[PDB]
Every structure is written in C-alpha cells, then in structure tokens.
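Participant: Provided herewith: protein-v7.pdb, PDB, C-alpha atoms and all ligand atoms.
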```pdb
ATOM      1  CA  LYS A 749      18.201 -60.399  51.344  1.00  0.00           C
ATOM      2  CA  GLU A 750      14.695 -59.240  50.187  1.00  0.00           C
ATOM      3  CA  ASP A 751      14.246 -57.757  46.673  1.00  0.00           C
ATOM      4  CA  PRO A 752      13.813 -53.948  46.859  1.00  0.00           C
ATOM      5  CA  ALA A 753      10.275 -52.913  47.619  1.00  0.00           C
ATOM      6  CA  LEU A 754      10.795 -50.416  44.811  1.00  0.00           C
ATOM      7  CA  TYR A 755      10.146 -53.267  42.297  1.00  0.00           C
ATOM      8  CA  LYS A 756       6.525 -53.427  43.522  1.00  0.00           C
ATOM      9  CA  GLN A 757       5.907 -49.834  42.403  1.00  0.00           C
ATOM     10  CA  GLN A 758       7.719 -50.165  39.000  1.00  0.00           C
ATOM     11  CA  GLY A 759       6.151 -53.363  37.616  1.00  0.00           C
ATOM     12  CA  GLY A 760       2.655 -54.278  36.479  1.00  0.00           C
ATOM     13  CA  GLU A 761       1.123 -52.813  39.684  1.00  0.00           C
ATOM     14  CA  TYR A 762       2.405 -49.361  38.783  1.00  0.00           C
ATOM     15  CA  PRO A 763      -1.169 -48.054  38.089  1.00  0.00           C
ATOM     16  CA  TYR A 764      -2.138 -48.777  41.732  1.00  0.00           C
ATOM     17  CA  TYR A 765       0.964 -46.841  43.024  1.00  0.00           C
ATOM     18  CA  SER A 766       0.648 -44.036  40.535  1.00  0.00           C
ATOM     19  CA  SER A 767      -3.055 -43.567  41.250  1.00  0.00           C
ATOM     20  CA  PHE A 768      -2.446 -43.658  45.024  1.00  0.00           C
ATOM     21  CA  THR A 769       0.117 -40.803  44.808  1.00  0.00           C
ATOM     22  CA  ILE A 770      -2.200 -38.885  42.504  1.00  0.00           C
ATOM     23  CA  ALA A 771      -4.899 -39.237  45.171  1.00  0.00           C
ATOM     24  CA  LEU A 772      -2.501 -37.835  47.785  1.00  0.00           C
ATOM     25  CA  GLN A 773      -2.009 -34.755  45.540  1.00  0.00           C
ATOM     26  CA  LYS A 774      -5.715 -34.278  44.834  1.00  0.00           C
ATOM     27  CA  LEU A 775      -6.620 -34.458  48.478  1.00  0.00           C
ATOM     28  CA  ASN A 776      -3.682 -32.351  49.691  1.00  0.00           C
ATOM     29  CA  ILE A 777      -2.505 -35.129  52.033  1.00  0.00           C
ATOM     30  CA  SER A 778       0.914 -34.098  53.513  1.00  0.00           C
ATOM     31  CA  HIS A 779       2.303 -37.548  53.987  1.00  0.00           C
ATOM     32  CA  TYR A 780       1.214 -41.043  52.921  1.00  0.00           C
ATOM     33  CA  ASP A 781       1.474 -42.201  56.551  1.00  0.00           C
ATOM     34  CA  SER A 782      -0.961 -39.520  57.778  1.00  0.00           C
ATOM     35  CA  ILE A 783      -4.222 -40.254  55.925  1.00  0.00           C
ATOM     36  CA  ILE A 784      -7.043 -39.406  58.372  1.00  0.00           C
ATOM     37  CA  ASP A 785     -10.140 -39.953  56.203  1.00  0.00           C
ATOM     38  CA  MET A 786      -9.464 -43.543  54.809  1.00  0.00           C
ATOM     39  CA  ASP A 787     -12.893 -43.741  53.200  1.00  0.00           C
ATOM     40  CA  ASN A 788     -12.697 -40.584  51.256  1.00  0.00           C
ATOM     41  CA  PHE A 789      -9.117 -41.394  50.186  1.00  0.00           C
ATOM     42  CA  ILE A 790     -10.089 -44.828  48.955  1.00  0.00           C
ATOM     43  CA  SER A 791     -13.017 -43.436  47.045  1.00  0.00           C
ATOM     44  CA  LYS A 792     -10.883 -40.891  45.177  1.00  0.00           C
ATOM     45  CA  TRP A 793      -8.105 -43.427  44.637  1.00  0.00           C
ATOM     46  CA  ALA A 794     -10.609 -45.878  43.042  1.00  0.00           C
ATOM     47  CA  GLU A 795     -11.898 -43.159  40.733  1.00  0.00           C
ATOM     48  CA  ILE A 796      -8.406 -42.323  39.492  1.00  0.00           C
ATOM     49  CA  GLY A 797      -7.330 -45.983  39.199  1.00  0.00           C
ATOM     50  CA  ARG A 798     -10.262 -46.866  36.934  1.00  0.00           C
ATOM     51  CA  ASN A 799      -8.981 -44.362  34.350  1.00  0.00           C
ATOM     52  CA  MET A 800      -5.430 -45.753  34.143  1.00  0.00           C
ATOM     53  CA  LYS A 801      -3.973 -47.757  31.245  1.00  0.00           C
ATOM     54  CA  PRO A 802      -4.051 -50.555  32.294  1.00  0.00           C
ATOM     55  CA  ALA A 803      -6.924 -50.008  34.770  1.00  0.00           C
ATOM     56  CA  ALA A 804      -6.325 -50.351  38.528  1.00  0.00           C
ATOM     57  CA  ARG A 805      -9.634 -51.971  39.454  1.00  0.00           C
ATOM     58  CA  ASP A 806      -8.961 -53.999  42.660  1.00  0.00           C
ATOM     59  CA  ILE A 807      -8.956 -50.960  44.985  1.00  0.00           C
ATOM     60  CA  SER A 808     -10.070 -51.684  48.584  1.00  0.00           C
ATOM     61  CA  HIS A 809      -9.016 -51.265  52.187  1.00  0.00           C
ATOM     62  CA  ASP A 810      -6.632 -54.272  51.780  1.00  0.00           C
ATOM     63  CA  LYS A 811      -5.032 -52.780  48.731  1.00  0.00           C
ATOM     64  CA  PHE A 812      -4.863 -49.462  50.643  1.00  0.00           C
ATOM     65  CA  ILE A 813      -2.881 -51.114  53.425  1.00  0.00           C
ATOM     66  CA  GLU A 814      -0.596 -52.933  51.013  1.00  0.00           C
ATOM     67  CA  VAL A 815       0.295 -49.795  48.998  1.00  0.00           C
ATOM     68  CA  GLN A 816       0.822 -47.631  52.137  1.00  0.00           C
ATOM     69  CA  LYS A 817       3.179 -50.182  53.736  1.00  0.00           C
ATOM     70  CA  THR A 818       5.117 -50.647  50.468  1.00  0.00           C
ATOM     71  CA  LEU A 819       5.659 -46.848  50.214  1.00  0.00           C
ATOM     72  CA  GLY A 820       6.916 -47.038  53.815  1.00  0.00           C
ATOM     73  CA  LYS A 821       9.283 -49.860  52.979  1.00  0.00           C
ATOM     74  CA  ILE A 822      10.644 -48.079  49.944  1.00  0.00           C
ATOM     75  CA  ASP A 823      11.641 -45.115  52.141  1.00  0.00           C
ATOM     76  CA  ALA A 824      13.037 -47.430  54.876  1.00  0.00           C
ATOM     77  CA  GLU A 825      15.176 -49.164  52.287  1.00  0.00           C
ATOM     78  CA  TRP A 826      16.202 -46.078  50.426  1.00  0.00           C
ATOM     79  CA  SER A 827      19.661 -45.467  51.935  1.00  0.00           C
ATOM     80  CA  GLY A 828      20.588 -49.133  51.140  1.00  0.00           C
ATOM     81  CA  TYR A 829      19.856 -48.700  47.365  1.00  0.00           C
ATOM     82  CA  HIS A 830      22.725 -48.184  44.937  1.00  0.00           C
ATOM     83  CA  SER A 831      23.169 -44.415  44.437  1.00  0.00           C
ATOM     84  CA  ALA A 832      23.460 -43.346  40.850  1.00  0.00           C
ATOM     85  CA  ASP A 833      26.809 -41.670  40.103  1.00  0.00           C
ATOM     86  CA  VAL A 834      25.927 -39.689  36.946  1.00  0.00           C
ATOM     87  CA  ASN A 835      25.933 -35.856  36.942  1.00  0.00           C
ATOM     88  CA  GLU A 836      22.637 -35.471  35.090  1.00  0.00           C
ATOM     89  CA  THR A 837      19.497 -37.362  34.102  1.00  0.00           C
ATOM     90  CA  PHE A 838      16.546 -36.713  31.849  1.00  0.00           C
ATOM     91  CA  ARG A 839      12.853 -37.293  31.890  1.00  0.00           C
ATOM     92  CA  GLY A 840      10.113 -37.208  29.284  1.00  0.00           C
ATOM     93  CA  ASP A 841       6.541 -36.242  30.226  1.00  0.00           C
ATOM     94  CA  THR A 842       3.374 -35.632  28.322  1.00  0.00           C
ATOM     95  CA  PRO A 843       1.395 -32.391  28.692  1.00  0.00           C
ATOM     96  CA  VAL A 844      -0.763 -34.121  31.419  1.00  0.00           C
ATOM     97  CA  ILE A 845       1.787 -32.897  33.990  1.00  0.00           C
ATOM     98  CA  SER A 846       0.732 -29.263  33.446  1.00  0.00           C
ATOM     99  CA  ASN A 847      -2.273 -30.314  35.578  1.00  0.00           C
ATOM    100  CA  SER A 848       0.130 -30.986  38.547  1.00  0.00           C
ATOM    101  CA  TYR A 849       2.408 -27.965  38.195  1.00  0.00           C
ATOM    102  CA  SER A 850       0.625 -24.591  37.946  1.00  0.00           C
ATOM    103  CA  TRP A 851       3.904 -22.795  37.049  1.00  0.00           C
ATOM    104  CA  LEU A 852       4.287 -25.107  34.100  1.00  0.00           C
ATOM    105  CA  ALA A 853       0.663 -24.661  32.954  1.00  0.00           C
ATOM    106  CA  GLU A 854       1.183 -20.868  33.051  1.00  0.00           C
ATOM    107  CA  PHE A 855       4.400 -20.983  31.121  1.00  0.00           C
ATOM    108  CA  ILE A 856       2.847 -23.293  28.512  1.00  0.00           C
ATOM    109  CA  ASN A 857      -0.201 -21.029  28.200  1.00  0.00           C
ATOM    110  CA  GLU A 858       1.996 -17.940  27.701  1.00  0.00           C
ATOM    111  CA  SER A 859       4.436 -19.671  25.301  1.00  0.00           C
ATOM    112  CA  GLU A 860       2.381 -21.972  23.107  1.00  0.00           C
ATOM    113  CA  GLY A 861       2.624 -21.232  19.368  1.00  0.00           C
ATOM    114  CA  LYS A 862       5.305 -18.543  19.598  1.00  0.00           C
ATOM    115  CA  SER A 863       7.713 -18.561  16.650  1.00  0.00           C
ATOM    116  CA  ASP A 864      10.824 -17.913  18.805  1.00  0.00           C
ATOM    117  CA  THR A 865      12.315 -19.593  21.926  1.00  0.00           C
ATOM    118  CA  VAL A 866      11.615 -18.122  25.365  1.00  0.00           C
ATOM    119  CA  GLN A 867      13.280 -18.910  28.670  1.00  0.00           C
ATOM    120  CA  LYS A 868      11.977 -18.016  32.090  1.00  0.00           C
ATOM    121  CA  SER A 869      14.355 -18.154  34.976  1.00  0.00           C
ATOM    122  CA  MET A 870      13.034 -19.661  38.243  1.00  0.00           C
ATOM    123  CA  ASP A 871      14.066 -20.466  41.725  1.00  0.00           C
ATOM    124  CA  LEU A 872      11.340 -22.698  42.924  1.00  0.00           C
ATOM    125  CA  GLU A 873      11.847 -25.534  45.418  1.00  0.00           C
ATOM    126  CA  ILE A 874       9.336 -28.371  45.237  1.00  0.00           C
ATOM    127  CA  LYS A 875       8.846 -31.773  46.847  1.00  0.00           C
ATOM    128  CA  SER A 876       8.132 -34.198  44.035  1.00  0.00           C
ATOM    129  CA  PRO A 877       4.663 -35.675  44.269  1.00  0.00           C
ATOM    130  CA  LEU A 878       5.674 -39.005  42.683  1.00  0.00           C
ATOM    131  CA  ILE A 879       8.385 -41.588  42.731  1.00  0.00           C
ATOM    132  CA  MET A 880      10.099 -40.271  39.653  1.00  0.00           C
ATOM    133  CA  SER A 881      12.048 -42.263  37.051  1.00  0.00           C
ATOM    134  CA  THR A 882      14.648 -40.608  34.964  1.00  0.00           C
ATOM    135  CA  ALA A 883      17.051 -41.747  32.214  1.00  0.00           C
ATOM    136  CA  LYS A 884      20.830 -41.384  31.823  1.00  0.00           C
ATOM    137  CA  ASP A 885      20.490 -40.884  28.094  1.00  0.00           C
ATOM    138  CA  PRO A 886      17.988 -38.412  26.630  1.00  0.00           C
ATOM    139  CA  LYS A 887      17.865 -40.527  23.486  1.00  0.00           C
ATOM    140  CA  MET A 888      15.921 -43.346  25.103  1.00  0.00           C
ATOM    141  CA  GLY A 889      12.709 -43.779  23.072  1.00  0.00           C
ATOM    142  CA  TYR A 890      10.472 -43.180  26.062  1.00  0.00           C
ATOM    143  CA  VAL A 891      12.108 -39.756  26.610  1.00  0.00           C
ATOM    144  CA  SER A 892      12.832 -38.463  23.103  1.00  0.00           C
ATOM    145  CA  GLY A 893       9.307 -38.251  21.752  1.00  0.00           C
ATOM    146  CA  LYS A 894       7.696 -36.521  24.790  1.00  0.00           C
ATOM    147  CA  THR A 895       6.401 -33.003  24.670  1.00  0.00           C
ATOM    148  CA  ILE A 896       8.152 -31.981  27.911  1.00  0.00           C
ATOM    149  CA  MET A 897      11.665 -32.951  28.886  1.00  0.00           C
ATOM    150  CA  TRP A 898      13.290 -32.380  32.239  1.00  0.00           C
ATOM    151  CA  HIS A 899      17.042 -31.908  32.432  1.00  0.00           C
ATOM    152  CA  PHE A 900      18.231 -32.728  35.920  1.00  0.00           C
ATOM    153  CA  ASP A 901      21.487 -31.559  37.414  1.00  0.00           C
ATOM    154  CA  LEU A 902      22.312 -34.009  40.212  1.00  0.00           C
ATOM    155  CA  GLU A 903      23.946 -32.229  43.219  1.00  0.00           C
ATOM    156  CA  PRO A 904      26.335 -34.322  45.401  1.00  0.00           C
ATOM    157  CA  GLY A 905      24.260 -36.167  48.053  1.00  0.00           C
ATOM    158  CA  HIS A 906      21.159 -36.350  45.750  1.00  0.00           C
ATOM    159  CA  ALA A 907      18.652 -39.128  46.259  1.00  0.00           C
ATOM    160  CA  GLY A 908      18.724 -40.773  42.788  1.00  0.00           C
ATOM    161  CA  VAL A 909      19.266 -44.484  42.745  1.00  0.00           C
ATOM    162  CA  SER A 910      20.262 -47.001  40.156  1.00  0.00           C
ATOM    163  CA  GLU A 911      17.954 -49.589  41.527  1.00  0.00           C
ATOM    164  CA  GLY A 912      14.943 -51.661  40.381  1.00  0.00           C
ATOM    165  CA  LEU A 913      13.391 -53.033  37.318  1.00  0.00           C
ATOM    166  CA  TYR A 914      15.005 -50.808  34.667  1.00  0.00           C
ATOM    167  CA  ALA A 915      18.286 -49.947  36.416  1.00  0.00           C
ATOM    168  CA  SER A 916      20.172 -52.141  33.909  1.00  0.00           C
ATOM    169  CA  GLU A 917      18.508 -50.082  31.080  1.00  0.00           C
ATOM    170  CA  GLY A 918      19.856 -46.741  32.537  1.00  0.00           C
ATOM    171  CA  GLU A 919      16.890 -45.699  34.726  1.00  0.00           C
ATOM    172  CA  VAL A 920      17.690 -43.577  37.801  1.00  0.00           C
ATOM    173  CA  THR A 921      14.874 -43.203  40.310  1.00  0.00           C
ATOM    174  CA  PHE A 922      14.053 -40.554  42.892  1.00  0.00           C
ATOM    175  CA  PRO A 923      11.960 -40.969  45.942  1.00  0.00           C
ATOM    176  CA  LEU A 924       8.510 -39.683  46.814  1.00  0.00           C
ATOM    177  CA  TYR A 925       8.945 -36.064  48.160  1.00  0.00           C
ATOM    178  CA  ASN A 926      12.374 -35.766  46.560  1.00  0.00           C
ATOM    179  CA  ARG A 927      13.515 -32.160  46.771  1.00  0.00           C
ATOM    180  CA  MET A 928      14.259 -30.302  43.585  1.00  0.00           C
ATOM    181  CA  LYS A 929      14.918 -26.688  42.628  1.00  0.00           C
ATOM    182  CA  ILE A 930      13.376 -25.550  39.344  1.00  0.00           C
ATOM    183  CA  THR A 931      15.855 -23.182  37.765  1.00  0.00           C
ATOM    184  CA  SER A 932      14.569 -22.554  34.230  1.00  0.00           C
ATOM    185  CA  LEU A 933      11.643 -23.174  31.868  1.00  0.00           C
ATOM    186  CA  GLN A 934      12.311 -23.100  28.123  1.00  0.00           C
ATOM    187  CA  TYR A 935       9.973 -23.084  25.171  1.00  0.00           C
ATOM    188  CA  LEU A 936      11.018 -24.546  21.853  1.00  0.00           C
ATOM    189  CA  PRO A 937       9.081 -23.861  18.674  1.00  0.00           C
ATOM    190  CA  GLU A 938       8.454 -26.636  16.114  1.00  0.00           C
ATOM    191  CA  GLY A 939      11.692 -27.712  14.479  1.00  0.00           C
ATOM    192  CA  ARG A 940      13.836 -26.270  17.320  1.00  0.00           C
ATOM    193  CA  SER A 941      15.935 -28.495  19.656  1.00  0.00           C
ATOM    194  CA  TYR A 942      17.201 -28.159  23.194  1.00  0.00           C
ATOM    195  CA  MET A 943      20.666 -26.541  23.098  1.00  0.00           C
ATOM    196  CA  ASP A 944      20.204 -26.560  19.271  1.00  0.00           C
ATOM    197  CA  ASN A 945      21.370 -30.169  19.350  1.00  0.00           C
ATOM    198  CA  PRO A 946      18.920 -32.264  17.357  1.00  0.00           C
ATOM    199  CA  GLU A 947      21.070 -35.411  17.256  1.00  0.00           C
ATOM    200  CA  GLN A 948      21.063 -35.640  21.120  1.00  0.00           C
ATOM    201  CA  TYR A 949      17.662 -34.087  22.005  1.00  0.00           C
ATOM    202  CA  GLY A 950      15.519 -34.464  18.895  1.00  0.00           C
ATOM    203  CA  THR A 951      12.851 -32.109  17.784  1.00  0.00           C
ATOM    204  CA  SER A 952       9.839 -33.393  19.714  1.00  0.00           C
ATOM    205  CA  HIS A 953      10.175 -31.438  23.017  1.00  0.00           C
ATOM    206  CA  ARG A 954       8.257 -28.137  23.120  1.00  0.00           C
ATOM    207  CA  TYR A 955       9.183 -27.503  26.782  1.00  0.00           C
ATOM    208  CA  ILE A 956      12.344 -28.030  28.834  1.00  0.00           C
ATOM    209  CA  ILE A 957      12.342 -27.960  32.598  1.00  0.00           C
ATOM    210  CA  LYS A 958      15.816 -27.481  34.093  1.00  0.00           C
ATOM    211  CA  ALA A 959      16.061 -28.482  37.737  1.00  0.00           C
ATOM    212  CA  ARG A 960      18.560 -29.490  40.385  1.00  0.00           C
ATOM    213  CA  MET A 961      18.117 -32.615  42.442  1.00  0.00           C
ATOM    214  CA  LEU A 962      18.979 -31.558  46.034  1.00  0.00           C
ATOM    215  CA  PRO A 963      20.637 -33.511  48.830  1.00  0.00           C
ATOM    216  CA  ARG A 964      18.524 -36.061  50.584  1.00  0.00           C
TER
HETATM  217 BR    BR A1001       4.375 -42.808  42.332  1.00  0.00          BR
HETATM  218 CL    CL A1002      -1.044 -45.022  35.937  1.00  0.00          CL
HETATM  219 CL    CL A1003      -3.441 -43.054  32.440  1.00  0.00          CL
HETATM  220 CL    CL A1004      -0.378 -44.541  32.594  1.00  0.00          CL
HETATM  221 CL    CL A1005       8.344 -19.404  41.189  1.00  0.00          CL
HETATM  222 CL    CL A1006      20.513 -46.416  26.077  1.00  0.00          CL
HETATM  223 CL    CL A1007      19.034 -44.240  29.894  1.00  0.00          CL
HETATM  224 CL    CL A1008      21.921 -45.547  29.268  1.00  0.00          CL
HETATM  225 CL    CL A1009      23.713 -31.156  27.523  1.00  0.00          CL
HETATM  226 CL    CL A1010      24.881 -29.975  23.328  1.00  0.00          CL
HETATM  227 PT    PT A1011      -2.284 -44.016  34.293  1.00  0.00          PT
HETATM  228 PT    PT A1012      -9.687 -48.728  55.724  1.00  0.00          PT
HETATM  229 PT    PT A1013       8.839 -19.549  38.715  1.00  0.00          PT
HETATM  230 PT    PT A1014      19.857 -45.361  27.983  1.00  0.00          PT
HETATM  231 PT    PT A1015      15.416 -47.421  25.051  1.00  0.00          PT
HETATM  232 PT    PT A1016      24.178 -29.082  25.778  1.00  0.00          PT
END
```
For this file, produce the structure as structure tokens.
Ligand SMILES: [Br-]
Ligand SMILES: [Cl-]
Ligand SMILES: [Cl-]
Ligand SMILES: [Cl-]
Ligand SMILES: [Cl-]
Ligand SMILES: [Cl-]
Ligand SMILES: [Cl-]
Ligand SMILES: [Cl-]
Ligand SMILES: [Cl-]
Ligand SMILES: [Cl-]
Ligand SMILES: [Pt+2]
Ligand SMILES: [Pt+2]
Ligand SMILES: [Pt+2]
Ligand SMILES: [Pt+2]
Ligand SMILES: [Pt+2]
Ligand SMILES: [Pt+2]
Facilitator:
Amino acid sequence: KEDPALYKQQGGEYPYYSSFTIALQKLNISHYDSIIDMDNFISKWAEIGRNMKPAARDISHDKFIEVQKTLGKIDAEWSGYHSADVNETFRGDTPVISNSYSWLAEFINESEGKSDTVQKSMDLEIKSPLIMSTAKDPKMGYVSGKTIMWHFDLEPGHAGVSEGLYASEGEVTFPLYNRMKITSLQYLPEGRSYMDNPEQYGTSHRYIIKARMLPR
C-alpha cells in the first residue's frame, strides 16, 4: 500500500523533476528510459536546475537514478490511480511556455497587441513534454491570473487522474507524454474574456489554447 510515486514529483522536489523533463526536451531525448549520454544529460539538467525557484542544486548521478526510477514508477502505477471523471479541465501558464511550443510562439508573435480577437483553428497532435497539472475550476487563483489558459476537453478513456498532493483541491494530472490534440488558439485583447465570460474566466488571459485529451 505505497503512497503514489506521483507525490514525489508534486512536492518540494518538483524543481528536480521539472528540470529533468526540461532537459529531456532540450536534448531531444525520446524517452526518459533511453538516455545514452548520461554525462551530457546530467550537465544540462544541472544547468537548468540551478535557475529554478527554488533552486535544484543537488544534481548528481544518484539524483539522476532516483528521478529516472520515480518517473518509471509513476507510469507503472498510472492505471491504478483514480481517474478523474470531469468533462473538462483548465490550466494556467506564463508566457515561458512559448519557448516549448513553436506554434504558440508564432501565434503570439502574430497576435500580440491587436485590438480585436483572433482565432486560429488547428489539428495538431502532441505528446506532452511534462507531467501536467490541471484544475477543475478555472477560477482557482493559480489559473486565473496567468497569461495563457488551456481549456481541455477530456475524451472518454483520457489519462487524467485525481491523484496526489492537490487532488483534494481539484487538481487533475496527466502523465508524461500524454497525447493531446490542439484544436484552436485564441487571442484576447486587454479587457476581453474567454467566451466573453469575465466572472468565470477573468480578464487576465491573453491566449487560450483549446485541446482534447486523447485516450491513453
Ligand atoms: Br514534469
Ligand atoms: Cl521548476
Ligand atoms: Cl523557474
Ligand atoms: Cl518554477
Ligand atoms: Cl499545426
Ligand atoms: Cl475551487
Ligand atoms: Cl480546481
Ligand atoms: Cl474544484
Ligand atoms: Cl465554458
Ligand atoms: Cl460561458
Ligand atoms: Pt522552475
Ligand atoms: Pt551516471
Ligand atoms: Pt496549427
Ligand atoms: Pt477548484
Ligand atoms: Pt485556489
Ligand atoms: Pt463557455
């Protein structure tokens, strides 16, 4: 009856996990179990982890092994986690994520400072490069003030779980490499609200990403 390995990634060691998955992106590693050049990975990982708030400073071969195994365990455990049964979830991100998603950077660059709303329809399937937390309610304070908001449509058989450290506060989490289909990007001028519903969505999002969470 072990606690979910997911807790290890969500707590105070988050910067180590976050920086590890960032390193996987930066080095184009296909899978966390298939890291051929340990030394180069560790070096990059350490660089990223020193810039986190709070700083991930104890990066080493031991910490490498710990993080890799934990990621492994999270995926091994995944089917045993409580599936979330909501139809939709929401996420707030800062503009930093434009650095991970070139389609988003482009759309932001083209849209920025326009006086009217703009949508761009998409059909792009991606594998998510993080373990991604999402909220049931877009009003949560950690979502509502962010520049970018995702609006997730959960398809039956999706991989979102109500499990871990903030499950009792409405957090639904998705696994590393979770499949999603980007269907729409929207731009919202200052003062404008998603779906023109300020009371639900506020006025702080400039960009909305609509996406579908696909079966596991
Ligand atoms: Br992550
Ligand atoms: Cl971090
Ligand atoms: Cl940071
Ligand atoms: Cl951070
Ligand atoms: Cl595309
Ligand atoms: Cl709430
Ligand atoms: Cl929530
Ligand atoms: Cl909630
Ligand atoms: Cl809605
Ligand atoms: Cl609405
Ligand atoms: Pt960070
Ligand atoms: Pt090593
Ligand atoms: Pt696109
Ligand atoms: Pt909530
Ligand atoms: Pt909250
Ligand atoms: Pt709506």
Participant: Give me the residues within 9 Å of region 945-956 of chain A as a CSV table (one decimal) with C-alpha atoms, in the frame of the given file, counting only C-alpha atoms and dropping any in the same chain fewer than 4 places off.
Facilitator:
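As written to disk, around29.csv reads:
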```csv
chain,number,residue,atom,x,y,z
A,840,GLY,CA,10.1,-37.2,29.3
A,856,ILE,CA,2.8,-23.3,28.5
A,860,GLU,CA,2.4,-22.0,23.1
A,885,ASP,CA,20.5,-40.9,28.1
A,886,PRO,CA,18.0,-38.4,26.6
A,887,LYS,CA,17.9,-40.5,23.5
A,892,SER,CA,12.8,-38.5,23.1
A,893,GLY,CA,9.3,-38.3,21.8
A,894,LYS,CA,7.7,-36.5,24.8
A,895,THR,CA,6.4,-33.0,24.7
A,896,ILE,CA,8.2,-32.0,27.9
A,897,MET,CA,11.7,-33.0,28.9
A,898,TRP,CA,13.3,-32.4,32.2
A,899,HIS,CA,17.0,-31.9,32.4
A,932,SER,CA,14.6,-22.6,34.2
A,933,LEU,CA,11.6,-23.2,31.9
A,934,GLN,CA,12.3,-23.1,28.1
A,935,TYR,CA,10.0,-23.1,25.2
A,936,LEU,CA,11.0,-24.5,21.9
A,937,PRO,CA,9.1,-23.9,18.7
A,938,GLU,CA,8.5,-26.6,16.1
A,939,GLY,CA,11.7,-27.7,14.5
A,940,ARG,CA,13.8,-26.3,17.3
A,941,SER,CA,15.9,-28.5,19.7
```
Participant: Within 10 Å of ligand PT 1011 (chain A), counting only C-alpha atoms and all ligand atoms: which residues, as a list in words?
Facilitator: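 Listed by chain and ascending number, the contacts are residues 762, 763, 764, 765, 766, 767, 770, 796, 797, 798, 799, 800, 801, 802, 803 and 804 of chain A.
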Participant: Could you expand the PyMOL selection byres (((not hetatm)) within 12 of (chain A and resi 1001)) into the explicit residues it covers here, written as a ChimeraX atom specification?
Facilitator: /A:754-759,761-773,780,815-816,818-819,822,876-881,921-926
Participant: Grab the residues selected above and save them as a compact mmCIF listing (two decimals), in the frame of the given file with C-alpha atoms.
Facilitator:
```txt
# COMPACT_ATOMS: atom_id res chain seq x y z
CA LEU A 754 10.80 -50.42 44.81
CA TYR A 755 10.15 -53.27 42.30
CA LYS A 756 6.52 -53.43 43.52
CA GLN A 757 5.91 -49.83 42.40
CA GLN A 758 7.72 -50.16 39.00
CA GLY A 759 6.15 -53.36 37.62
CA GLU A 761 1.12 -52.81 39.68
CA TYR A 762 2.40 -49.36 38.78
CA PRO A 763 -1.17 -48.05 38.09
CA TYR A 764 -2.14 -48.78 41.73
CA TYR A 765 0.96 -46.84 43.02
CA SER A 766 0.65 -44.04 40.53
CA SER A 767 -3.06 -43.57 41.25
CA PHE A 768 -2.45 -43.66 45.02
CA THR A 769 0.12 -40.80 44.81
CA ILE A 770 -2.20 -38.88 42.50
CA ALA A 771 -4.90 -39.24 45.17
CA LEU A 772 -2.50 -37.84 47.78
CA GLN A 773 -2.01 -34.76 45.54
CA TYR A 780 1.21 -41.04 52.92
CA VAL A 815 0.30 -49.80 49.00
CA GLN A 816 0.82 -47.63 52.14
CA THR A 818 5.12 -50.65 50.47
CA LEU A 819 5.66 -46.85 50.21
CA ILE A 822 10.64 -48.08 49.94
CA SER A 876 8.13 -34.20 44.04
CA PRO A 877 4.66 -35.67 44.27
CA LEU A 878 5.67 -39.01 42.68
CA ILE A 879 8.38 -41.59 42.73
CA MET A 880 10.10 -40.27 39.65
CA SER A 881 12.05 -42.26 37.05
CA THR A 921 14.87 -43.20 40.31
CA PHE A 922 14.05 -40.55 42.89
CA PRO A 923 11.96 -40.97 45.94
CA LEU A 924 8.51 -39.68 46.81
CA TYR A 925 8.94 -36.06 48.16
CA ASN A 926 12.37 -35.77 46.56
```
Participant: As a ChimeraX atom specification, please: every protein or nucleic acid residue near ligand PT 1015 (chain A) (cut-off 7 Å, counting all atoms listed in the file).
Facilitator: /A:888-890
Participant: With only C-alpha atoms as the atoms that count, which of A:858, A:903, A:919, A:911 lies nearest to residue 883 (chain A)?
Facilitator: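 Going through A:858, A:903, A:919, A:911 one by one, the smallest distance to residue 883 (chain A) is for A:919.
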Participant: Name the residues in contact with residue 900 (chain A) at a cut-off of 6 Å, using only C-alpha atoms, excluding same-chain residues fewer than 2 positions from it; report them as a list in words.
Facilitator: residues 836, 837, 838, 959 and 960 of chain A
Participant: Restricting the calculation to only C-alpha atoms, which member of A:870, A:928, A:813, A:913 is positioned closest to residue 783 (chain A)?
Facilitator: A:813
Participant: Just the number, please: distance in Å from atom CL of ligand CL 1003 (chain A) to CA of residue 884 (chain A), one decimal.
Facilitator: 24.3 Å
Participant: What does the distance between CA of residue 962 (chain A) and CA of residue 823 (chain A) come to in Å, to one decimal place?
Facilitator: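 The value is 16.6 Å.
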Participant: Report the distance between CA of residue 811 (chain A) and CA of residue 826 (chain A) in Å, rounded to one decimal place.
Facilitator: 22.3 Å
Participant: Pick out the closest residue to ligand CL 1003 (chain A) from this set: A:817, A:944, A:868, A:844. Count only C-alpha atoms and all ligand atoms.
Facilitator: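 Residue with the minimum atom-to-atom distance to ligand CL 1003 (chain A): A:844.
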Participant: For residue 908 (chain A), which of A:961, A:866, A:872, A:794 is the closest residue, counting all atoms listed in the file?
Facilitator: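 For residue 908 (chain A), the nearest of the given residues is A:961.
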Participant: How would you report the residues lying within 8 Å of ligand PT 1012 (chain A), as an MDAnalysis selection string, if you count all atoms listed in the file?
Facilitator: chainID A and resid 786:787 790 808:810 812:813
Participant: Selection from above, C-alpha atoms, as a PDB file, keeping the file's coordinate frame, can you write it?
Facilitator:
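New file result07.pdb:
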```
ATOM      1  CA  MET A 786      -9.464 -43.543  54.809  1.00  0.00           C
ATOM      2  CA  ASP A 787     -12.893 -43.741  53.200  1.00  0.00           C
ATOM      3  CA  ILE A 790     -10.089 -44.828  48.955  1.00  0.00           C
ATOM      4  CA  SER A 808     -10.070 -51.684  48.584  1.00  0.00           C
ATOM      5  CA  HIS A 809      -9.016 -51.265  52.187  1.00  0.00           C
ATOM      6  CA  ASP A 810      -6.632 -54.272  51.780  1.00  0.00           C
ATOM      7  CA  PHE A 812      -4.863 -49.462  50.643  1.00  0.00           C
ATOM      8  CA  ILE A 813      -2.881 -51.114  53.425  1.00  0.00           C
TER       9      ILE A 813
END
```
Participant: Can you work out which one of A:964, A:958, A:875, A:805 has the shortest atom-to-atom distance to ligand PT 1013 (chain A), counting only C-alpha atoms and all ligand atoms?
Facilitator: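 So, comparing all the options, the nearest one is A:958.
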Participant: Point out the residue among A:791, A:882, A:835, A:847 with the least atom-to-atom distance to ligand CL 1009 (chain A), counting all atoms listed in the file.
Facilitator: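 Looking at the shortest contact to ligand CL 1009 (chain A), the residue is A:835.
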Participant: Around ligand CL 1005 (chain A), at most 12 Å away and counting all atoms listed in the file, which residues are there? Put them as a ChimeraX atom specification, please.
Facilitator: /A:849-852,854-855,868-874,929-933
Participant: Considering all atoms listed in the file, return as a VMD selection string whatever protein or nucleic-acid residues lie within 8 Å of residue 832 (chain A), sequence-local ones (same chain, fewer than 4 positions apart) excluded.
Facilitator: chain A and resid 908 to 910 920
